[PDB]
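**Q** Let me begin by handing over the structure; questions about it come next.
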Amino acid sequence: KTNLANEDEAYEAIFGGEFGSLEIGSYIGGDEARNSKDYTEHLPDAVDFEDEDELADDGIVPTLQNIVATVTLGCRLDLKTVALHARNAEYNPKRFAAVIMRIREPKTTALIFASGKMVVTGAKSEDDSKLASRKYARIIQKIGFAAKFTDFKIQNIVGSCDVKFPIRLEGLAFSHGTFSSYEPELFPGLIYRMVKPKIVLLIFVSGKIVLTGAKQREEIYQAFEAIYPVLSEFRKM
Ligand SMILES: [Ca+2]
Ligand SMILES: [Ca+2]
Ligand SMILES: [Ca+2]
Ligand SMILES: [Cl-]
């Protein structure tokens, strides 16, 4: 039985899929702009904090596509109060037990929970992730909660790579049987579960690779360097 209106289930759903927080995009929809009755209500003089500038006190190469980070604000939050006091906040308690808040620089989304736990996504660098998180913590402080920027941690780094050559997925799936899963009628990519580093690679026919599960960017580079000779061996000539 699934109920993402429950705080714990909503938090765990972010990191609990088959690919974990790779699929965080499923939970940051907030309100549907095209749906007229779906808009988050705000107080008449609610401030838009999306331009927040203040910070709470503290060859082939893969590219970083996304960084997911966690922050402990250290205080309980009334999510309905946060939503009403911030025009850049979206809150649908019946669908997901978090306030969805967005800022423009670095362009990110925060998932803010009643316990004061926060998840920040959308950043392309560790410094941007930390900068955005410190801004969300400041916004919560400005609304009036005794929030603190603590326990910043990168939970996931998504990498993407294009090897610029097609891949023989049948032979790669057969040859690396124990570490691969390939069901092309169910999902187009070959799922490669690397042991060391512990990284999931999504290998597509086009030579486009997606790497997920890293908590350090060095793991993305290591996984790509490890898989590159395998991809070259299975190049479709
Ligand atoms: Ca939306
Ligand atoms: Ca709504
Ligand atoms: Ca297999
Ligand atoms: Cl083959």
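Letters for chains follow the order of the structure tokens (A, B, ...), residue numbers begin at 1 for each chain, and ligand numbers begin at 1 in the order shown.
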Looking only at strand (DSSP E) from DSSP on the backbone, list the matching residues of segment 93-217 of chain A as an MDAnalysis selection string.

**A** chainID A and resid 99:103 108:112 117:123 150:162 180:181 190:193 200:203 208:214

**Q** Any chance you could list, as a PDB file with N, CA and C atoms, in the first residue's frame, the residues in segment 38-231 of chain A that come up alpha helix (DSSP H) when DSSP is run on the backbone?

**A**
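So part-v3.pdb came out as:
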```
ATOM      1  N   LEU A  79       4.428  22.891   6.949  1.00  0.00           N
ATOM      2  CA  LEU A  79       4.507  23.013   5.482  1.00  0.00           C
ATOM      3  C   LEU A  79       3.451  23.956   4.901  1.00  0.00           C
ATOM      4  N   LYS A  80       2.233  23.939   5.443  1.00  0.00           N
ATOM      5  CA  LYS A  80       1.172  24.825   4.978  1.00  0.00           C
ATOM      6  C   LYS A  80       1.587  26.317   5.215  1.00  0.00           C
ATOM      7  N   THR A  81       2.225  26.620   6.367  1.00  0.00           N
ATOM      8  CA  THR A  81       2.724  27.978   6.661  1.00  0.00           C
ATOM      9  C   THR A  81       3.784  28.369   5.610  1.00  0.00           C
ATOM     10  N   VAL A  82       4.750  27.460   5.315  1.00  0.00           N
ATOM     11  CA  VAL A  82       5.821  27.703   4.320  1.00  0.00           C
ATOM     12  C   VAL A  82       5.171  27.993   2.960  1.00  0.00           C
ATOM     13  N   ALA A  83       4.231  27.133   2.522  1.00  0.00           N
ATOM     14  CA  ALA A  83       3.562  27.283   1.228  1.00  0.00           C
ATOM     15  C   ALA A  83       2.814  28.626   1.111  1.00  0.00           C
ATOM     16  N   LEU A  84       2.082  29.032   2.160  1.00  0.00           N
ATOM     17  CA  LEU A  84       1.320  30.284   2.144  1.00  0.00           C
ATOM     18  C   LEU A  84       2.218  31.521   2.160  1.00  0.00           C
ATOM     19  N   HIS A  85       3.413  31.428   2.753  1.00  0.00           N
ATOM     20  CA  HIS A  85       4.330  32.559   2.893  1.00  0.00           C
ATOM     21  C   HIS A  85       5.367  32.690   1.760  1.00  0.00           C
ATOM     22  N   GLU A 126      28.892  20.394  -7.347  1.00  0.00           N
ATOM     23  CA  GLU A 126      28.841  20.238  -5.880  1.00  0.00           C
ATOM     24  C   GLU A 126      28.729  21.611  -5.195  1.00  0.00           C
ATOM     25  N   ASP A 127      29.489  22.604  -5.693  1.00  0.00           N
ATOM     26  CA  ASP A 127      29.435  23.955  -5.152  1.00  0.00           C
ATOM     27  C   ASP A 127      28.041  24.576  -5.404  1.00  0.00           C
ATOM     28  N   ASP A 128      27.455  24.400  -6.604  1.00  0.00           N
ATOM     29  CA  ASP A 128      26.104  24.927  -6.890  1.00  0.00           C
ATOM     30  C   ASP A 128      25.042  24.294  -5.992  1.00  0.00           C
ATOM     31  N   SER A 129      25.166  22.978  -5.758  1.00  0.00           N
ATOM     32  CA  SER A 129      24.284  22.195  -4.890  1.00  0.00           C
ATOM     33  C   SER A 129      24.333  22.770  -3.466  1.00  0.00           C
ATOM     34  N   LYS A 130      25.549  23.037  -2.975  1.00  0.00           N
ATOM     35  CA  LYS A 130      25.751  23.595  -1.635  1.00  0.00           C
ATOM     36  C   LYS A 130      25.224  25.033  -1.584  1.00  0.00           C
ATOM     37  N   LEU A 131      25.508  25.834  -2.613  1.00  0.00           N
ATOM     38  CA  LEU A 131      25.049  27.228  -2.683  1.00  0.00           C
ATOM     39  C   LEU A 131      23.522  27.298  -2.647  1.00  0.00           C
ATOM     40  N   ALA A 132      22.835  26.503  -3.490  1.00  0.00           N
ATOM     41  CA  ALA A 132      21.357  26.468  -3.570  1.00  0.00           C
ATOM     42  C   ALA A 132      20.751  26.041  -2.227  1.00  0.00           C
ATOM     43  N   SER A 133      21.295  24.980  -1.609  1.00  0.00           N
ATOM     44  CA  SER A 133      20.862  24.459  -0.306  1.00  0.00           C
ATOM     45  C   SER A 133      20.930  25.521   0.794  1.00  0.00           C
ATOM     46  N   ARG A 134      21.999  26.334   0.796  1.00  0.00           N
ATOM     47  CA  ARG A 134      22.191  27.413   1.757  1.00  0.00           C
ATOM     48  C   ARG A 134      21.168  28.530   1.535  1.00  0.00           C
ATOM     49  N   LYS A 135      20.721  28.720   0.284  1.00  0.00           N
ATOM     50  CA  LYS A 135      19.698  29.703  -0.062  1.00  0.00           C
ATOM     51  C   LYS A 135      18.333  29.204   0.389  1.00  0.00           C
ATOM     52  N   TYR A 136      18.042  27.900   0.201  1.00  0.00           N
ATOM     53  CA  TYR A 136      16.748  27.364   0.665  1.00  0.00           C
ATOM     54  C   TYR A 136      16.653  27.458   2.171  1.00  0.00           C
ATOM     55  N   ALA A 137      17.776  27.212   2.876  1.00  0.00           N
ATOM     56  CA  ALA A 137      17.836  27.279   4.339  1.00  0.00           C
ATOM     57  C   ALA A 137      17.578  28.708   4.825  1.00  0.00           C
ATOM     58  N   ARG A 138      18.114  29.692   4.098  1.00  0.00           N
ATOM     59  CA  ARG A 138      17.915  31.119   4.352  1.00  0.00           C
ATOM     60  C   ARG A 138      16.451  31.504   4.168  1.00  0.00           C
ATOM     61  N   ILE A 139      15.810  31.012   3.094  1.00  0.00           N
ATOM     62  CA  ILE A 139      14.397  31.301   2.798  1.00  0.00           C
ATOM     63  C   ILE A 139      13.511  30.861   3.974  1.00  0.00           C
ATOM     64  N   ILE A 140      13.750  29.631   4.501  1.00  0.00           N
ATOM     65  CA  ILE A 140      13.008  29.052   5.627  1.00  0.00           C
ATOM     66  C   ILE A 140      13.231  29.935   6.874  1.00  0.00           C
ATOM     67  N   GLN A 141      14.468  30.401   7.087  1.00  0.00           N
ATOM     68  CA  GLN A 141      14.796  31.322   8.186  1.00  0.00           C
ATOM     69  C   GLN A 141      14.006  32.630   8.061  1.00  0.00           C
ATOM     70  N   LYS A 142      13.944  33.210   6.855  1.00  0.00           N
ATOM     71  CA  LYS A 142      13.242  34.472   6.559  1.00  0.00           C
ATOM     72  C   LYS A 142      11.741  34.359   6.752  1.00  0.00           C
ATOM     73  N   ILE A 143      11.146  33.175   6.446  1.00  0.00           N
ATOM     74  CA  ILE A 143       9.707  32.922   6.650  1.00  0.00           C
ATOM     75  C   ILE A 143       9.422  32.931   8.184  1.00  0.00           C
ATOM     76  N   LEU A 169      24.085  -4.427 -28.246  1.00  0.00           N
ATOM     77  CA  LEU A 169      23.544  -4.698 -26.902  1.00  0.00           C
ATOM     78  C   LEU A 169      23.288  -6.190 -26.630  1.00  0.00           C
ATOM     79  N   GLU A 170      22.879  -6.970 -27.657  1.00  0.00           N
ATOM     80  CA  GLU A 170      22.634  -8.422 -27.457  1.00  0.00           C
ATOM     81  C   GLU A 170      23.908  -9.136 -26.981  1.00  0.00           C
ATOM     82  N   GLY A 171      25.013  -8.919 -27.692  1.00  0.00           N
ATOM     83  CA  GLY A 171      26.288  -9.537 -27.328  1.00  0.00           C
ATOM     84  C   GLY A 171      26.818  -9.036 -26.001  1.00  0.00           C
ATOM     85  N   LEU A 172      26.665  -7.725 -25.723  1.00  0.00           N
ATOM     86  CA  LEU A 172      27.115  -7.156 -24.446  1.00  0.00           C
ATOM     87  C   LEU A 172      26.300  -7.789 -23.291  1.00  0.00           C
ATOM     88  N   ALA A 173      24.954  -7.891 -23.435  1.00  0.00           N
ATOM     89  CA  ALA A 173      24.063  -8.523 -22.438  1.00  0.00           C
ATOM     90  C   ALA A 173      24.440  -9.998 -22.198  1.00  0.00           C
ATOM     91  N   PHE A 174      24.700 -10.731 -23.284  1.00  0.00           N
ATOM     92  CA  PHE A 174      25.086 -12.150 -23.207  1.00  0.00           C
ATOM     93  C   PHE A 174      26.459 -12.311 -22.543  1.00  0.00           C
ATOM     94  N   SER A 175      27.457 -11.564 -23.034  1.00  0.00           N
ATOM     95  CA  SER A 175      28.843 -11.644 -22.546  1.00  0.00           C
ATOM     96  C   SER A 175      28.995 -11.265 -21.057  1.00  0.00           C
ATOM     97  N   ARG A 217      32.119  12.609  -7.623  1.00  0.00           N
ATOM     98  CA  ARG A 217      32.248  12.662  -9.088  1.00  0.00           C
ATOM     99  C   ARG A 217      33.327  11.710  -9.626  1.00  0.00           C
ATOM    100  N   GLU A 218      34.376  11.411  -8.838  1.00  0.00           N
ATOM    101  CA  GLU A 218      35.453  10.476  -9.245  1.00  0.00           C
ATOM    102  C   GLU A 218      34.894   9.090  -9.596  1.00  0.00           C
ATOM    103  N   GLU A 219      33.825   8.661  -8.909  1.00  0.00           N
ATOM    104  CA  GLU A 219      33.134   7.380  -9.203  1.00  0.00           C
ATOM    105  C   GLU A 219      32.525   7.361 -10.616  1.00  0.00           C
ATOM    106  N   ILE A 220      32.046   8.505 -11.118  1.00  0.00           N
ATOM    107  CA  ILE A 220      31.489   8.593 -12.493  1.00  0.00           C
ATOM    108  C   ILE A 220      32.603   8.350 -13.511  1.00  0.00           C
ATOM    109  N   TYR A 221      33.756   8.998 -13.307  1.00  0.00           N
ATOM    110  CA  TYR A 221      34.924   8.871 -14.181  1.00  0.00           C
ATOM    111  C   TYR A 221      35.466   7.443 -14.166  1.00  0.00           C
ATOM    112  N   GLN A 222      35.576   6.826 -12.962  1.00  0.00           N
ATOM    113  CA  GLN A 222      36.049   5.452 -12.786  1.00  0.00           C
ATOM    114  C   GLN A 222      35.142   4.475 -13.484  1.00  0.00           C
ATOM    115  N   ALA A 223      33.806   4.634 -13.320  1.00  0.00           N
ATOM    116  CA  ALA A 223      32.854   3.710 -13.949  1.00  0.00           C
ATOM    117  C   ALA A 223      32.927   3.819 -15.455  1.00  0.00           C
ATOM    118  N   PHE A 224      33.026   5.069 -15.975  1.00  0.00           N
ATOM    119  CA  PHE A 224      33.125   5.253 -17.414  1.00  0.00           C
ATOM    120  C   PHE A 224      34.425   4.620 -17.954  1.00  0.00           C
ATOM    121  N   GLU A 225      35.572   4.864 -17.284  1.00  0.00           N
ATOM    122  CA  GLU A 225      36.882   4.305 -17.682  1.00  0.00           C
ATOM    123  C   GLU A 225      36.869   2.773 -17.683  1.00  0.00           C
ATOM    124  N   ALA A 226      36.154   2.170 -16.727  1.00  0.00           N
ATOM    125  CA  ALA A 226      36.002   0.722 -16.614  1.00  0.00           C
ATOM    126  C   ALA A 226      35.135   0.168 -17.752  1.00  0.00           C
ATOM    127  N   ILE A 227      34.018   0.844 -18.069  1.00  0.00           N
ATOM    128  CA  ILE A 227      33.117   0.361 -19.117  1.00  0.00           C
ATOM    129  C   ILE A 227      33.605   0.686 -20.536  1.00  0.00           C
ATOM    130  N   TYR A 228      34.438   1.743 -20.731  1.00  0.00           N
ATOM    131  CA  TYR A 228      34.818   2.127 -22.085  1.00  0.00           C
ATOM    132  C   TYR A 228      35.390   0.949 -22.916  1.00  0.00           C
ATOM    133  N   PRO A 229      36.351   0.105 -22.435  1.00  0.00           N
ATOM    134  CA  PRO A 229      36.838  -1.001 -23.287  1.00  0.00           C
ATOM    135  C   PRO A 229      35.732  -2.009 -23.641  1.00  0.00           C
ATOM    136  N   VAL A 230      34.734  -2.188 -22.753  1.00  0.00           N
ATOM    137  CA  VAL A 230      33.607  -3.099 -23.010  1.00  0.00           C
ATOM    138  C   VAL A 230      32.773  -2.515 -24.171  1.00  0.00           C
ATOM    139  N   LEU A 231      32.427  -1.209 -24.103  1.00  0.00           N
ATOM    140  CA  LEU A 231      31.673  -0.533 -25.156  1.00  0.00           C
ATOM    141  C   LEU A 231      32.410  -0.619 -26.513  1.00  0.00           C
TER     142      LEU A 231
END
```

**Q** Could you make a table, as a Markdown table, of the residues of chain A that have an atom within 9 Å of an atom of ligand 3, each with its nearest atom pair and distance in Å to one decimal, counting only C-alpha atoms and all ligand atoms, in chain and number order?

**A**
```
| residue | atom | partner | partner_atom_place_in_ligand_line | distance |
| --- | --- | --- | --- | --- |
| A:173 | CA | ligand 3 | 1 (Ca) | 6.6 |
| A:174 | CA | ligand 3 | 1 (Ca) | 7.4 |
| A:176 | CA | ligand 3 | 1 (Ca) | 7.3 |
| A:177 | CA | ligand 3 | 1 (Ca) | 4.1 |
| A:178 | CA | ligand 3 | 1 (Ca) | 4.9 |
| A:179 | CA | ligand 3 | 1 (Ca) | 6.0 |
| A:180 | CA | ligand 3 | 1 (Ca) | 4.5 |
| A:181 | CA | ligand 3 | 1 (Ca) | 4.5 |
| A:182 | CA | ligand 3 | 1 (Ca) | 7.1 |
| A:192 | CA | ligand 3 | 1 (Ca) | 8.9 |
```

**Q** Give me the chain A side of the contact with ligand 2, cut-off 12 Å, one line per residue showing its nearest atom pair and distance in Å at one decimal, counting only C-alpha atoms and all ligand atoms, sorted by chain and residue number, as a Markdown table.

**A**
```
| residue | atom | partner | partner_atom_place_in_ligand_line | distance |
| --- | --- | --- | --- | --- |
| A:29 | CA | ligand 2 | 1 (Ca) | 10.3 |
| A:30 | CA | ligand 2 | 1 (Ca) | 7.2 |
| A:31 | CA | ligand 2 | 1 (Ca) | 4.9 |
| A:32 | CA | ligand 2 | 1 (Ca) | 7.5 |
| A:33 | CA | ligand 2 | 1 (Ca) | 9.4 |
| A:34 | CA | ligand 2 | 1 (Ca) | 11.6 |
| A:35 | CA | ligand 2 | 1 (Ca) | 9.2 |
| A:36 | CA | ligand 2 | 1 (Ca) | 9.6 |
| A:37 | CA | ligand 2 | 1 (Ca) | 7.5 |
| A:38 | CA | ligand 2 | 1 (Ca) | 4.3 |
| A:39 | CA | ligand 2 | 1 (Ca) | 4.5 |
| A:40 | CA | ligand 2 | 1 (Ca) | 4.5 |
| A:41 | CA | ligand 2 | 1 (Ca) | 7.6 |
| A:42 | CA | ligand 2 | 1 (Ca) | 10.9 |
| A:80 | CA | ligand 2 | 1 (Ca) | 11.5 |
| A:83 | CA | ligand 2 | 1 (Ca) | 10.2 |
| A:84 | CA | ligand 2 | 1 (Ca) | 11.6 |
| A:89 | CA | ligand 2 | 1 (Ca) | 10.3 |
| A:90 | CA | ligand 2 | 1 (Ca) | 6.8 |
| A:91 | CA | ligand 2 | 1 (Ca) | 6.0 |
| A:92 | CA | ligand 2 | 1 (Ca) | 5.0 |
| A:93 | CA | ligand 2 | 1 (Ca) | 8.5 |
| A:94 | CA | ligand 2 | 1 (Ca) | 9.3 |
| A:95 | CA | ligand 2 | 1 (Ca) | 9.3 |
| A:96 | CA | ligand 2 | 1 (Ca) | 10.7 |
| A:99 | CA | ligand 2 | 1 (Ca) | 10.7 |
| A:100 | CA | ligand 2 | 1 (Ca) | 10.7 |
```

**Q** What does the file look like for those residues with N, CA, C and O atoms, as a compact mmCIF listing (two decimals), in the first residue's frame?

**A**
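Just written: result_10.txt:
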```txt
# COMPACT_ATOMS: atom_id res chain seq x y z
N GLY A 29 7.05 17.81 -9.66
CA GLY A 29 6.06 18.42 -10.53
C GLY A 29 5.36 19.58 -9.85
O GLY A 29 5.08 20.57 -10.51
N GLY A 30 5.14 19.48 -8.53
CA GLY A 30 4.45 20.53 -7.79
C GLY A 30 3.03 20.62 -8.35
O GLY A 30 2.35 19.59 -8.48
N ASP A 31 2.60 21.84 -8.70
CA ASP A 31 1.29 22.08 -9.29
C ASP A 31 1.39 22.08 -10.81
O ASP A 31 2.45 22.42 -11.36
N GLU A 32 0.28 21.73 -11.48
CA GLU A 32 0.19 21.71 -12.94
C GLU A 32 -0.32 23.08 -13.41
O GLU A 32 -1.48 23.42 -13.14
N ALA A 33 0.57 23.87 -14.07
CA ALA A 33 0.23 25.22 -14.55
C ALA A 33 -0.97 25.25 -15.51
O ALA A 33 -1.77 26.18 -15.45
N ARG A 34 -1.11 24.20 -16.36
CA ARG A 34 -2.21 24.05 -17.32
C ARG A 34 -3.53 23.77 -16.61
O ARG A 34 -4.59 24.14 -17.14
N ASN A 35 -3.50 23.13 -15.41
CA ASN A 35 -4.70 22.88 -14.62
C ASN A 35 -5.01 24.16 -13.85
O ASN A 35 -4.19 24.61 -13.05
N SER A 36 -6.17 24.76 -14.15
CA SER A 36 -6.60 26.04 -13.58
C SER A 36 -6.85 25.96 -12.07
O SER A 36 -6.40 26.85 -11.34
N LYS A 37 -7.56 24.92 -11.59
CA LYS A 37 -7.87 24.72 -10.17
C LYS A 37 -6.61 24.29 -9.38
O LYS A 37 -6.60 24.36 -8.15
N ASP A 38 -5.54 23.89 -10.09
CA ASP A 38 -4.33 23.51 -9.41
C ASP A 38 -3.32 24.66 -9.43
O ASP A 38 -2.65 24.90 -10.44
N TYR A 39 -3.32 25.41 -8.33
CA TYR A 39 -2.38 26.45 -7.96
C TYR A 39 -2.30 26.43 -6.45
O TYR A 39 -3.31 26.20 -5.78
N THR A 40 -1.10 26.62 -5.91
CA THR A 40 -0.88 26.67 -4.47
C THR A 40 -1.31 28.02 -3.99
O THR A 40 -0.85 29.05 -4.51
N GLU A 41 -2.18 28.04 -2.98
CA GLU A 41 -2.64 29.28 -2.39
C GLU A 41 -1.53 29.94 -1.60
O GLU A 41 -0.73 29.24 -0.97
N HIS A 42 -1.47 31.28 -1.64
CA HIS A 42 -0.50 32.10 -0.93
C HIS A 42 -1.21 33.27 -0.27
O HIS A 42 -2.25 33.71 -0.77
N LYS A 80 2.23 23.94 5.44
CA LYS A 80 1.17 24.82 4.98
C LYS A 80 1.59 26.32 5.22
O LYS A 80 1.40 27.14 4.32
N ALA A 83 4.23 27.13 2.52
CA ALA A 83 3.56 27.28 1.23
C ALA A 83 2.81 28.63 1.11
O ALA A 83 2.93 29.29 0.09
N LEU A 84 2.08 29.03 2.16
CA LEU A 84 1.32 30.28 2.14
C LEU A 84 2.22 31.52 2.16
O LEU A 84 1.81 32.55 1.65
N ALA A 89 6.88 28.52 -3.72
CA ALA A 89 6.56 27.24 -3.08
C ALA A 89 5.26 26.66 -3.63
O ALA A 89 4.27 27.39 -3.82
N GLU A 90 5.28 25.35 -3.92
CA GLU A 90 4.13 24.57 -4.38
C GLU A 90 3.93 23.41 -3.41
O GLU A 90 4.91 22.77 -2.99
N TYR A 91 2.67 23.16 -3.01
CA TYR A 91 2.39 22.18 -1.96
C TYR A 91 1.08 21.50 -2.22
O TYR A 91 0.02 22.15 -2.22
N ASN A 92 1.16 20.16 -2.43
CA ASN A 92 0.03 19.26 -2.72
C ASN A 92 0.05 18.12 -1.74
O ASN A 92 0.47 17.03 -2.14
N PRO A 93 -0.33 18.36 -0.46
CA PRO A 93 -0.18 17.33 0.58
C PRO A 93 -0.80 15.96 0.28
O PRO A 93 -0.27 14.97 0.75
N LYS A 94 -1.91 15.90 -0.47
CA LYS A 94 -2.57 14.64 -0.83
C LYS A 94 -1.74 13.80 -1.85
O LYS A 94 -1.92 12.60 -1.91
N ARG A 95 -0.85 14.45 -2.62
CA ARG A 95 -0.02 13.79 -3.63
C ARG A 95 1.41 13.50 -3.15
O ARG A 95 1.98 12.48 -3.53
N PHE A 96 2.02 14.44 -2.39
CA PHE A 96 3.42 14.27 -1.93
C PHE A 96 3.65 15.12 -0.70
O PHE A 96 3.40 16.33 -0.72
N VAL A 99 6.98 20.34 0.60
CA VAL A 99 6.83 21.60 -0.11
C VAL A 99 7.84 21.52 -1.28
O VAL A 99 8.99 21.10 -1.06
N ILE A 100 7.41 21.87 -2.49
CA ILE A 100 8.28 21.91 -3.67
C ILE A 100 8.65 23.38 -3.84
O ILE A 100 7.76 24.18 -4.12
```

**Q** Which residues are near residue 198 of chain A? Cut-off 10 Å, only C-alpha atoms, ignore same chain within fewer than 3 positions. Put them as JSON, numbers by chain.

**A** {"A": [193, 194, 195, 201, 212, 213, 214, 219, 220, 223]}

**Q** Dump N, CA, C and O atoms for the selected residues as a JSON list (two decimals), in the first residue's frame?

**A**
```json
[["chain", "number", "residue", "atom", "x", "y", "z"],
["A", 193, "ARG", "N", 25.02, -3.16, -13.87],
["A", 193, "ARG", "CA", 25.25, -2.96, -12.44],
["A", 193, "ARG", "C", 26.72, -3.27, -12.10],
["A", 193, "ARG", "O", 27.09, -4.43, -11.90],
["A", 194, "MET", "N", 27.56, -2.22, -12.10],
["A", 194, "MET", "CA", 28.97, -2.32, -11.81],
["A", 194, "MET", "C", 29.17, -2.51, -10.31],
["A", 194, "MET", "O", 28.44, -1.93, -9.49],
["A", 195, "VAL", "N", 30.12, -3.38, -9.96],
["A", 195, "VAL", "CA", 30.44, -3.73, -8.57],
["A", 195, "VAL", "C", 31.39, -2.67, -7.97],
["A", 195, "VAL", "O", 31.13, -2.15, -6.89],
["A", 201, "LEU", "N", 24.89, 1.78, -14.80],
["A", 201, "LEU", "CA", 25.02, 2.38, -16.12],
["A", 201, "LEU", "C", 23.85, 1.96, -17.00],
["A", 201, "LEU", "O", 23.50, 0.78, -17.04],
["A", 212, "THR", "N", 24.70, 6.50, -12.82],
["A", 212, "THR", "CA", 24.03, 6.97, -11.61],
["A", 212, "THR", "C", 24.46, 6.15, -10.39],
["A", 212, "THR", "O", 24.96, 5.02, -10.52],
["A", 213, "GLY", "N", 24.28, 6.75, -9.22],
["A", 213, "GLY", "CA", 24.60, 6.12, -7.94],
["A", 213, "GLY", "C", 25.85, 6.67, -7.29],
["A", 213, "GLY", "O", 26.14, 6.32, -6.15],
["A", 214, "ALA", "N", 26.57, 7.57, -7.97],
["A", 214, "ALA", "CA", 27.82, 8.12, -7.40],
["A", 214, "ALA", "C", 27.54, 9.15, -6.30],
["A", 214, "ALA", "O", 26.62, 9.95, -6.42],
["A", 219, "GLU", "N", 33.83, 8.66, -8.91],
["A", 219, "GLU", "CA", 33.13, 7.38, -9.20],
["A", 219, "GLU", "C", 32.53, 7.36, -10.62],
["A", 219, "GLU", "O", 32.47, 6.31, -11.23],
["A", 220, "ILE", "N", 32.05, 8.50, -11.12],
["A", 220, "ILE", "CA", 31.49, 8.59, -12.49],
["A", 220, "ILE", "C", 32.60, 8.35, -13.51],
["A", 220, "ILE", "O", 32.43, 7.56, -14.43],
["A", 223, "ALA", "N", 33.81, 4.63, -13.32],
["A", 223, "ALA", "CA", 32.85, 3.71, -13.95],
["A", 223, "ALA", "C", 32.93, 3.82, -15.46],
["A", 223, "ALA", "O", 32.89, 2.79, -16.15]]
```

**Q** For residue 87 of chain A, list every protein, DNA or RNA residue within 7 Å, evaluated using only C-alpha atoms, and leave out those in the same chain fewer than 3 positions away; present the list as a list in words.

**A**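 Skipping anything fewer than 3 positions along the chain leaves residues 42, 46, 47 and 48 of chain A.
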
**Q** Can I get the selected residues back with N, CA, C and O atoms, as a PDB file, in the first residue's frame?

**A**
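The resulting file, again_17.pdb, is shown below:
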```pdb
ATOM      1  N   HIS A  42      -1.475  31.277  -1.641  1.00  0.00           N
ATOM      2  CA  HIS A  42      -0.505  32.098  -0.931  1.00  0.00           C
ATOM      3  C   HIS A  42      -1.214  33.270  -0.272  1.00  0.00           C
ATOM      4  O   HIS A  42      -2.248  33.709  -0.770  1.00  0.00           O
ATOM      5  N   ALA A  46       2.472  37.571   0.285  1.00  0.00           N
ATOM      6  CA  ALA A  46       3.517  36.545   0.304  1.00  0.00           C
ATOM      7  C   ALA A  46       4.637  36.975  -0.637  1.00  0.00           C
ATOM      8  O   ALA A  46       4.381  37.497  -1.724  1.00  0.00           O
ATOM      9  N   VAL A  47       5.866  36.792  -0.190  1.00  0.00           N
ATOM     10  CA  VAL A  47       7.086  37.131  -0.917  1.00  0.00           C
ATOM     11  C   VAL A  47       7.481  35.978  -1.861  1.00  0.00           C
ATOM     12  O   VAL A  47       7.311  34.807  -1.506  1.00  0.00           O
ATOM     13  N   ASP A  48       7.994  36.328  -3.069  1.00  0.00           N
ATOM     14  CA  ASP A  48       8.583  35.399  -4.030  1.00  0.00           C
ATOM     15  C   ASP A  48      10.071  35.335  -3.723  1.00  0.00           C
ATOM     16  O   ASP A  48      10.800  36.282  -3.995  1.00  0.00           O
TER      17      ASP A  48
END
```

**Q** Write out as number ranges by chain the residues lying within 12 Å of residue 25 of chain A, counting only C-alpha atoms and excluding same-chain residues fewer than 2 positions away.

**A** A: 13-15, 17, 20-23, 27-30, 66-68, 100, 108-111, 120-122

**Q** Would you compute the distance between atom CA of residue 232 of chain A and atom CA of residue 61 of chain A? Give it in Å to one decimal.

**A**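 Between atom CA of residue 232 of chain A and atom CA of residue 61 of chain A the gap works out to 14.6 Å.
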
**Q** Take atom CA of residue 199 of chain A and atom 1 (Cl, counted along the ligand's line) of ligand 4 and report the distance between them in Å, one decimal.

**A**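 Atom-to-atom, atom CA of residue 199 of chain A and atom 1 (Cl, counted along the ligand's line) of ligand 4 are spaced 23.5 Å apart.
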
**Q** Quote the spacing between atom CA of residue 97 of chain A and atom CA of residue 113 of chain A in Å to one decimal place.

**A**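 Going from atom CA of residue 97 of chain A over to atom CA of residue 113 of chain A covers 6.8 Å.
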
**Q** Point out the residue among A:152, A:234, A:204, A:165 with the least atom-to-atom distance to ligand 4, counting only C-alpha atoms and all ligand atoms.

**A** A:234
